Every structure is written in C-alpha cells, then in structure tokens.
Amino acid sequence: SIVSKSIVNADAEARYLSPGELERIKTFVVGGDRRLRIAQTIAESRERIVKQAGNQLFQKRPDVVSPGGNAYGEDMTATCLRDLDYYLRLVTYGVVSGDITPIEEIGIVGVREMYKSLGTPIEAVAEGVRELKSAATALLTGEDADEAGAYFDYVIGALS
C-alpha cells in the first residue's frame, strides 16, 4: 500500500517520511471507507458478477467450451468460472489497498507460464475478466466505478 511504499523509499534514503509522503498517507486513509464499500459491493454480489461474466464470456467465445476447448464439460467449465472468481477476489484486494502489489504477487507473476502448460488460452481468460469488469462496474455509482475499473484493466492488460 501507499504506506509501505513510502516506508520503502524513506528507508532507502535513510530518512523520515517527507511532508509529501505524509499528506498522501493522510488522504489515502481518509478515503478508507470509500474503498471498503466498493469491495463489499463486489464481494456481496460475487456470484451474480461471476456467473454473468461466464455467460457473456461463453457466447463471445463458444470455443473454449466446445469439444476440444479447455472448458468443455461441466467439471471444466466450473474450474474456469472458479478462476474468474479468483480474479474478482484479487481485484477487491487492490481496490482495498489502492495498490497493485497484491494482484501481482498472487495472480500475475507467472501466469503466462501457468496457463500455457495448462493448455488454457489466456486471451480468453482476459476476455472473462472483461465481462467481470462490466458486470461489476454495472453495480457501482460513478466515481466508485472509475476506481474499481482501474484494477480490472490492470489485470486485463497483464493477461493479454
């Protein structure tokens, strides 16, 4: 988060936090609730968000789900939608900490190497997260939608 990031820099320069790094921490915390709210709004419609994304994903790309595609079968489509749940959970983590280190350390570093051998087409995973993005920002107000949306796009770009 912004707090640990400032600690990191100030420590690399053997110094106390600058007035600028303190203002930011003040402001990042003062907006804490805003963040929590956003996370809860998503977390509480977990299922609604995930299943919709699945529906859309599947229509735009009926491949992955036809015989021969990574998610064909019920077990298999279920593991796919489980993976979309994971990413939706990692998004709330970022929108909560206003930082992308968590999305990174958990679902980004090594993801291409993971899916590549899993035989999963990763362009498609990004697709799903895109639907996730719209299904979720659909339930948010304006500002809150801009915020949640940023973390969705980061994940998207990283998976595509």
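When you see a residue number, it is the position in the sequence shown, counting from 1.
Once the C-alpha B-factors are averaged per stretch, 126 to 134 and 52 to 60 rank with 52 to 60 first. Stretches 136 to 144 and 16 to 24 differ in mean CA B factor, with 136 to 144 having the higher one. Take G119, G107, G69, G94 and read off each C-alpha B-factor from the entry; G69 has the highest. When the modelled residues of the chain are ordered by C-alpha B-factor, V111 sits in the lowest third. When the modelled residues of the chain are ordered by their C-alpha B factor, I103 lands in the lowest third. For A78, the recorded CA temperature factor ranks within the middle third of the chain's modelled residues.
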